[PDB]
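Just one chain is shown here, as structure tokens, and it is the form deposited in one PDB entry.
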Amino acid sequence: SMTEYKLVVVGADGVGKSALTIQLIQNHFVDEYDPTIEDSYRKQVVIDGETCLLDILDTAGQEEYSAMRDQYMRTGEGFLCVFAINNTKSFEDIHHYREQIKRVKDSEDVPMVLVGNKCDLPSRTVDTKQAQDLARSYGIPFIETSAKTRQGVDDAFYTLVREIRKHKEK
């Protein structure tokens, strides 16, 4: 049979949330910036031999509308927390997402993956070690991705599914 997972992609404006999602869904890289209000996608995949339906909620980077954002977090089962490796502010924003997720879901252990996107670019401002150290302090995986080259895209989403499954085993 199969299972279904509600994945929520969060992160600051322009980090590549939609580009990552569109690579997963449509297998092409959106070169242009089309700022998101809200979009949802579905994809059937096999992860670790187990078929599942991924429900992906692609959120806007904006952080107003707390009622809507709280609802995203209540319904979501796992969170892709995306920053861009050439945007230090977006990396500094990460802890706010983790704190808001822990608060809304009333738990210190919520399935999450830290994603450092745009790794194809030569303009890095956030060191891999810096992001690895942050992910270690949360006890979550860290994955470097490029939506442009597709590097790490499947890995980021599949790892998030593994994190949900590990959480459900507890």
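Here the rigid core means the biggest group of C-alpha atoms that line up within 1.5 Å when the two forms are laid on top of each other. Residue numbers run from 1 along the displayed sequence.
According to the PDB record, 106-114 carries the higher mean C-alpha B-factor of the two stretches 36-44 and 106-114.
Legend: mean Cα B-factor per stretch from the PDB entry, 120-128 versus 55-63; the higher mean is in 120-128. The maximum CA B-factor among the listed residues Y72, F79, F83, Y97, taken from the PDB record, is found at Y97. For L160, the recorded CA B-factor ranks within the lowest third of the chain. Only modelled residues enter the ranking. Among the modelled residues of its chain, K170 has a C-alpha B-factor that falls in the highest third according to the deposited record. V10: CA B factor lies in the lowest third for its chain, per the PDB record. For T21, the recorded CA temperature factor ranks within the lowest third of the chain's modelled residues.
The form solved in complex with a partner chain is left out here; the points below concern that form.
This chain appears without its partner; in the deposited bound form, the one residue of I140, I143, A131, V104 with a heavy atom within 4.5 Å of its partner chain is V104. The single contact residue among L160, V15, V10, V153, judged by any heavy atom lying within 4.5 Å of its partner chain in the deposited bound form, is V10. Though the partner is left out of this view, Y97 does reach within 4.5 Å of its partner chain in the deposited bound form, counting heavy atoms only. After superposition on the rigid core, the Cα atom of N27 is displaced by less than 2 Å between the shown form and the other one.
Residue displacement note: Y72 has its CA displaced by at least 2 Å between the shown form and the other one (rigid core superposed). Relative to the superposed core, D55 undergoes a C-alpha shift smaller than 2 Å between the shown form and the other one.
Distance between the C-alpha atoms of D70 and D133: longer by at least 3 Å in the deposited bound form than in the displayed form. Between the C-alpha atoms of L54 and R69, a gap narrowed by no less than 3 Å is obtained in the deposited bound form, as opposed to the form on display.
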